[PDB]
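Chain A is the first sequence line, chain B the second, and so forth, proteins listed ahead of strands; every chain is numbered from 1.
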Amino acid sequence: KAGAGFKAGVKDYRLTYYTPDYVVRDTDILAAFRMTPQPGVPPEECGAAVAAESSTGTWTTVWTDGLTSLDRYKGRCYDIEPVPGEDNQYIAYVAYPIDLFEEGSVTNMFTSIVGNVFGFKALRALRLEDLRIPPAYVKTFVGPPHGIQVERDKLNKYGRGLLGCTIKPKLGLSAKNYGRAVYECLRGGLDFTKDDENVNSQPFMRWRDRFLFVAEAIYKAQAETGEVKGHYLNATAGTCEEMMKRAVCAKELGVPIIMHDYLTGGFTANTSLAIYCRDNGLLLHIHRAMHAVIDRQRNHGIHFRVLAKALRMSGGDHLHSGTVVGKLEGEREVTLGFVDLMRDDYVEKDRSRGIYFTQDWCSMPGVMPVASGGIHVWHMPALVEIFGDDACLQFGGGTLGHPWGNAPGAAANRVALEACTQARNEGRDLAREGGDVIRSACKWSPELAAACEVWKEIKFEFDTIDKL
Amino acid sequence: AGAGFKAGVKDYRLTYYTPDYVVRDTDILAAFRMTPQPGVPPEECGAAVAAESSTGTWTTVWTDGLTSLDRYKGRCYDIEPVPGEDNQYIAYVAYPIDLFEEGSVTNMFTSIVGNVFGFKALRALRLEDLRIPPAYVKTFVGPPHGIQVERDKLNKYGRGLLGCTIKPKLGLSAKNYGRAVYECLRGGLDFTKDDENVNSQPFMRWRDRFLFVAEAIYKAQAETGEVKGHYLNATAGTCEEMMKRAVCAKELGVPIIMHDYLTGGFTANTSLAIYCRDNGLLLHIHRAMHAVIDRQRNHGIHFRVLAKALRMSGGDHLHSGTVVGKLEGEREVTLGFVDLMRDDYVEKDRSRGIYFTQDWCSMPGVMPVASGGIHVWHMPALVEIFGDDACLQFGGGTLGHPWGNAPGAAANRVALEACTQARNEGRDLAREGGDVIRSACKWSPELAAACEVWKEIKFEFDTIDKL
Amino acid sequence: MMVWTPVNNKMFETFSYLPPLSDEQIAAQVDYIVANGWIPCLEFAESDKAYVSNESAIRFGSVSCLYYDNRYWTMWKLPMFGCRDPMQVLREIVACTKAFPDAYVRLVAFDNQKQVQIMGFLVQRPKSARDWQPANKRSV
Amino acid sequence: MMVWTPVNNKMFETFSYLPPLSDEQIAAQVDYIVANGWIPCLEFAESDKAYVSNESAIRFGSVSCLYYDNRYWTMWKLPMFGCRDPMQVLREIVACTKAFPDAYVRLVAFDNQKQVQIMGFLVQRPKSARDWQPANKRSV
Ligand SMILES: O=C(O)[C@@](O)(COP(=O)(O)O)[C@H](O)[C@H](O)COP(=O)(O)O
Ligand SMILES: O=C(O)[C@@](O)(COP(=O)(O)O)[C@H](O)[C@H](O)COP(=O)(O)O
Ligand SMILES: [Mg+2]
Ligand SMILES: [Mg+2]
């Protein structure tokens, strides 16, 4: 007699949570953790602790497990692989049953998978490298308001990357001066301009004043050029009530696009905003402010690819992807990898690009990657070669830094982009002939020539921290 | 003529490094542990951080001339060397109050930690502390109630509060949840709570849980004669769902709800804190995801900053770590940020990681919550570390008791009161802790049983988050 | 395993889970209050007003959150502001309990800096009370 | 400093900021279409319907976001499904421009996998148009 019963006390997590013979189900959410155990702690126990404390278990045995089926709900570390070149680093794979997650809530998914495990004394460092979001869970999300194809169709823009630009100085400009700068930028050839991520509503410029003046600038530049124009008006705010008041104002003004800092504003607020944008036809540009606080280091945190998948799920028409060649870090291979994860419907596992799991988006709209930060005309060939047409390239300083002003600065970037696009379409190799394409364009474009002169020797080349 | 527009790049230090600047009492101050790339002077790196977190970009823009950079620019006014490191520095930056949106933690973070952590010019960056001036503190509603008001509403004084996270984390039905809650509360615990990841799932939908928990709360309260509560989780995928859950709690007349402020987000959290203030609900804040940001010494944001941010956004409780439990929490650092979340005025004290003197200008204090891998033998140390103004939670430490939840709760309540009594009598908990507990075991079978099960359990590892 | 009885096992907050406090243990708590400069005060209540209730909520809309009747008790005289003598407190405990022999009586202390009660425990329970258990009968 | 003129400087999206495309450059863009297996198609519109406008918004409530008239142009025959001969595309450009000599005409190509237009540029503008500037007069 007497089957398995309740026995009070502590036992190793691995006895219940390390299951190397488990066969993952196609509806399971999978996680790849770069784990660094404390000395003396078995990798198996470390991985098991991670799986346990991010799913169903705690530090000691509880009798309540008997009322339900732990086999059905427990998270499982089903595989542990040593990291090459690392003596104390391992990739622990954990499978989570789909029942553990609230439908359509990125907030809930993160709460479980990265909620408490990163602070366990038993480990010295932990980094979430990737997540396999199964189609069954992907379908529970509304997803992006529109997506790449729909965005292009609403803007009526095709055949080249889109061009953006962050107004500068970051802070300090009045509402009218903002609109003035915006108008001059847009009329020169840029498709968009935008509020800097930290421009919300402040003493030097209240938001509604900015929204109104920007609307005038948008419509003036559009009437003047004959091309649809937009400016991402920032809805990021201290409370959801304020965030919505800003989105509502944009709706009432008839403008095309707004923006939101999804990480500093938060997933709960972002999902609500994305849903509002879907229901009111507003394009939603997402700024990844604060992401580097979490995704810069190779040994601890969450890799950006996971933060990108999370945003795609929460909702966003645009998402900054880095530039590779700009002022902010972004290793090429890693970048090409999460760009595919952001835009494509199906991405197969590819470790050479940090893609730990094959990702099936099951028709969820693709997100437009936005390359922005410290880039100028000479970077155009590389940018087009790296991203292709489906991306928005932004030049803030690269536009308002032009010696002749915003309009000429805008024209120089638009010319560089079209010159490179034309060259590629003609079969020219941008990786090798880029410089010649730009120099040729300079002969008939004094605007571009002036830009090329000012930034010719400017490059950003440093040792990469976020290496595979 | 005078100063004109000159296109082109120039060092950030020429505009953003001001070593003689005298900080104003309304400036927001930041202390950055900065690790520059080789070849990049510390002052230039510090200047870049100040510039790209305030008003400047990578090249000269003519628009600076339309406004006054002297008035708006962030300033790196001091660079301090780090002992034991020859490539790590503490860079101090002053931000004029005009740069921030009133009452918005989201905006404050967007500027100070928005883009600078990803710059190629630096190898690592960590925000260690922030000096929030009274003038900016006053723009926030702050916590719904605060320590004093919370105690007055619960009518509980003279001892730390006792909580408990229901387990297993996920997998329990709504009725079984209420079953475990009633048994926990009736044994002496003041609170129980939804695990941080318990929101609404197939195995248990939120409204079903809220209802059964309400029955459990009221049954336990009637049985014991002491006010009871259970933090019902309002954390959701959208603000609409979050509010629906807060509204249900209001309608059921229950005392408290909880929110995972980092995974849910500051925007959502602030809205909820405001709702709780206007509706009389206590708000427990869980810090899920904080270690992803605050664990490493070289990069990220220290928890003390995340705590100040929460106090501003609003929260009646906030987990503070246990020091002695399963999760990391260095003693000195912890004592430091506990004061920062509870007190009105905290003097600079680098020995505790306090880089700036902080004046909260009467904003309510936040109740620290020590939770995670703790049991009865830890009681002496917990009471000695936190004092009465804290909530000590025992999840596995209650539902892991050999006789069940009620006896488990009784053991913790007994251990807490025995230690509280001892301290008040003048006994030194640090030295006599064990004796106090052993004495209580003589007349408390519940405590004795708990003591026997976890006697050999301790969590002692090398600390990663060191000063 | 012993079973925690749910019948006639009412508690009274701080220290009610320890064995009944002795005069010495009570005096020790009083020394603690005076030594820390806190303000001692006595409060009392008849049996029907001893434990929290919801009676008044019948007049409420949806605003019962954290509202309970019987949290407030009746003040005995006034708070002992400026008291630096534990003996004066013990004297009042005697006076109060003698005046209201059939009422519940609790000793509290106030901190005027944080402006909140910093201590409290029962010092008298009516003899007729049958809703509580002695330390050894709390579990069966 | 040269000033970008705001007067009669209308543009036409992709490639409108480059010098006018020569027949050779146009043919190259067509080869690009065929080489990638995309679907060629011509579209045209009279001057009055060449640029986006807001006329229909007069019938709207607060829902004009991303709605503009004149984005849709008129289809010349049908998309050239299965076209693998650039000469074929060039012949339709000649036929279309011949049939509508005073209309705006643009060449586009569709991708049926992503189901979206993947390229496009203007191939004809009425000779009567006076709202645009030659490359060397876009700035003064
Ligand atoms: O604040 C800034 O620096 C920017 O406006 C760019 O300005 P410039 O165009 O003048 O450089 C962008 O927000 C960054 O590109 C964000 O970084 P990322 O794209 O990496 O998220
Ligand atoms: O999920 C858990 O592990 C807990 O419910 C504790 O369970 P036990 O009581 O069974 O340990 C708490 O959320 C942690 O205390 C959070 O960590 P911290 O307080 O550091 O934020
Ligand atoms: Mg920016
Ligand atoms: Mg928990």
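The line from CZ of C/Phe44 to CZ of C/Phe100 is 4.0 Å long, rounded to the nearest 0.5 Å. To the nearest 0.5 Å, atoms SG (C/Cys41) and CE (C/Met119) are separated by 14.5 Å.
Looking only at distances, no side-chain donor or acceptor of B/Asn279 sits under 3.5 Å from a matching main-chain atom of B/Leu281. With B/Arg427 contributing its side chain and B/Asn424 its backbone, the two residues share no donor-acceptor pair below 3.5 Å. For the pair B/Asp316 (side chain) and B/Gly146 (backbone), a donor-acceptor distance under 3.5 Å is present. Under a 3.5 Å cut-off, the side chain of B/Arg277 and the backbone N or O of B/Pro144 do form a donor-acceptor pair.
Between B/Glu384 and B/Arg423 there is no salt bridge, since no side-chain nitrogen of the basic residue lies less than 4.0 Å from a carboxylate oxygen of the acidic one. Between B/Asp389 and C/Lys114 there is a salt bridge, since a side-chain N of the basic residue sits under 4.0 Å from a carboxylate O of the acidic one. Under the 4.0 Å criterion applied to side-chain N and carboxylate O atoms, C/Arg91 and C/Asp85 are not assigned as salt-bridge partners.
Only one option out of B/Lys228, B/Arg151, B/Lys156 pairs with C/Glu13 in a salt bridge (charged side-chain N to carboxylate O under 4.0 Å, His left out); it is B/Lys156. The one candidate from B/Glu150, B/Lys193, B/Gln393 that meets the side chain to side chain donor-acceptor pair (under 3.5 Å) condition with B/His317 is B/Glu150. Checked against B/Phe210 for a side-chain contact (heavy atoms from CB on, under 4.5 Å), the options B/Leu232, B/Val254, B/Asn233 give a single hit: B/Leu232.
In this structure, a donor-acceptor pair under 3.5 Å is absent between the side chains of B/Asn155 and C/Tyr72. B/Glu347 and B/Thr357 share no donor-acceptor pair across their side chains, judged by distance under 3.5 Å alone. Of the N and O atoms on the side chains of C/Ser56 and C/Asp69, at least one donor lies less than 3.5 Å from an acceptor on the other residue. In the model, C/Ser139 has a side-chain atom that pairs as donor or acceptor with a side-chain atom of B/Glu446 under 3.5 Å. Donor-acceptor pairing under 3.5 Å is lacking for the side chains of B/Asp388 and B/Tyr157. For the 3.5 Å distance criterion, the side chains of C/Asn136 and B/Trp443 fail to qualify, holding no donor opposite an acceptor.
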Next on the checklist: Between B/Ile285 and B/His319, does the side-chain contact (heavy atoms from CB on, under 4.5 Å) criterion hold? Intermediate values first, please.
Outcome noted: CA-CA 7 Å; B/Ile285 299 299; B/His319 289 223; over 6 Å; no
Next on the checklist: A/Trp59 vs B/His375, test: ring-ring contact (aromatic ring centres under 6.0 Å, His included). Steps then yes/no.
Outcome noted: CA-CA 10 Å; A/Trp59 71 280; B/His375 52 71; 5.7 Å; yes
Next on the checklist: Walk me through whether C/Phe121 and C/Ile26 qualify under side-chain contact (heavy atoms from CB on, under 4.5 Å).
Outcome noted: CA-CA 9 Å; C/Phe121 58 91; C/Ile26 294 178; 4.1 Å; yes
Item to check | C/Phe12 and C/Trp73: CA distance, side-chain angles, deciding distance, ring-ring contact (aromatic ring centres under 6.0 Å, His included) verdict | outcome: CA-CA 13 Å; C/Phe12 249 95; C/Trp73 274 21; 5.7 Å; yes
Item to check | Residues A/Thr58, B/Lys326; criterion side chain to side chain donor-acceptor pair (under 3.5 Å); working and verdict | outcome: CA-CA 10 Å; A/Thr58 190; B/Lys326 69 187 180 187; 3.3 Å; yes
Next on the checklist: Test side chain to side chain donor-acceptor pair (under 3.5 Å) on B/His145 and B/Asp152; report intermediate values, then the result.
Outcome noted: CA-CA 10 Å; B/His145 305 89; B/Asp152 291 334; over 6 Å; no
Next on the checklist: Evaluate B/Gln221 against C/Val52 for side-chain contact (heavy atoms from CB on, under 4.5 Å), listing each step before the verdict.
Outcome noted: CA-CA 9 Å; B/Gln221 183 168 302; C/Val52 288; 3.9 Å; yes
Item to check | Verdict with supporting geometry, B/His259 and B/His286, ring-ring contact (aromatic ring centres under 6.0 Å, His included) | outcome: CA-CA 6 Å; B/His259 186 235; B/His286 188 285; over 10 Å; no
Checklist entry - Run the side-chain contact (heavy atoms from CB on, under 4.5 Å) check on B/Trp377 and B/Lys455 step by step: do they pass? => result CA-CA 7 Å; B/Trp377 291 106; B/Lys455 215 317 172 192; 3.7 Å; yes
Item to check | Derivation of the side chain to side chain donor-acceptor pair (under 3.5 Å) call for B/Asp195 and B/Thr165 | outcome: CA-CA 6 Å; B/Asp195 222 315; B/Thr165 302; 5.0 Å; no
Next on the checklist: Assess the residue pair C/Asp131 and C/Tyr51 against the criterion (side chain to side chain donor-acceptor pair (under 3.5 Å)); give the C-alpha distance rounded to whole Å, side-chain angles, the decisive distance to 0.1 Å, and a yes or no.
Outcome noted: CA-CA 11 Å; C/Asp131 60 356; C/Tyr51 304 92; 3.2 Å; yes
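Side-chain atoms of C/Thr5 and C/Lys137, non-hydrogen and from C-beta on, never get closer than 4.5 Å to each other. Within the 4.5 Å cutoff, no side-chain heavy atoms of B/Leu283 are placed close to those of B/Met258. Contact of the C/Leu66 side chain with the B/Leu282 side chain is registered, since non-hydrogen atoms from C-beta on lie closer than 4.5 Å. Considering only heavy atoms from C-beta on, B/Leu399 stays 4.5 Å or farther from B/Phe394 through its side chain. Between B/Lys250 and C/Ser62 the shortest side-chain heavy-atom distance falls below 4.5 Å. B/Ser320 is listed as a side-chain neighbour of B/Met341, based on a closest heavy-atom distance under 4.5 Å. Counting heavy atoms from C-beta outward, B/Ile437 and B/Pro380 have side chains that approach closer than 4.5 Å. Using a 4.5 Å heavy-atom threshold, the side chains of C/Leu78 and C/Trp76 count as separate.
Taking the centre of each ring, C/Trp38 and C/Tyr32 come in below the 6.0 Å mark. Aromatic pair B/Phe191/B/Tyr231: ring centres closer than 6.0 Å.
Few gaps surround CD on B/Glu425; more than 12 heavy atoms of other groups in view lie less than 6.0 Å from it. Atom CG of C/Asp23 has 12 or fewer heavy atoms from other residues, nucleotides or ligands within 6.0 Å. Atom CD of C/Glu55 has more than 12 neighbouring heavy atoms from other residues, nucleotides or ligands inside a 6.0 Å radius. More than 12 heavy atoms of other residues, nucleotides or ligands lie within 6.0 Å of CD in C/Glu43, so this atom counts as buried by the packing criterion.
Within the structure, the side-chain hydrogen bond (donor to acceptor under 3.5 Å, both in side chains) test picks out the following pairs touching residues 407-421 of chain B (sequence neighbours left out): B/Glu226-B/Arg413, B/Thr398-B/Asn412, B/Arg413-B/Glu417. Residue pairs that meet the ring-ring contact (aromatic ring centres under 6.0 Å, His included) test with at least one member in residues 403-423 of chain B, sequence neighbours left out, are B/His401-B/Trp403.
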When the side chains of residues 178-188 of chain B are checked against the rest of the protein, which donor-acceptor pairs come out under 3.5 Å, sequence neighbours left out?
from	atom 1	to	atom 2	distance (Å)
B/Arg179	NH1	B/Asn176	OD1	2.9
B/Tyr182	OH	B/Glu223	OE1	2.6
B/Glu183	OE1	B/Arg186	NE	2.9
B/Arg186	NH1	B/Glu223	OE2	3.0
B/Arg186	NH1	C/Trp4	O	2.9
B/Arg186	NH2	C/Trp4	O	2.7

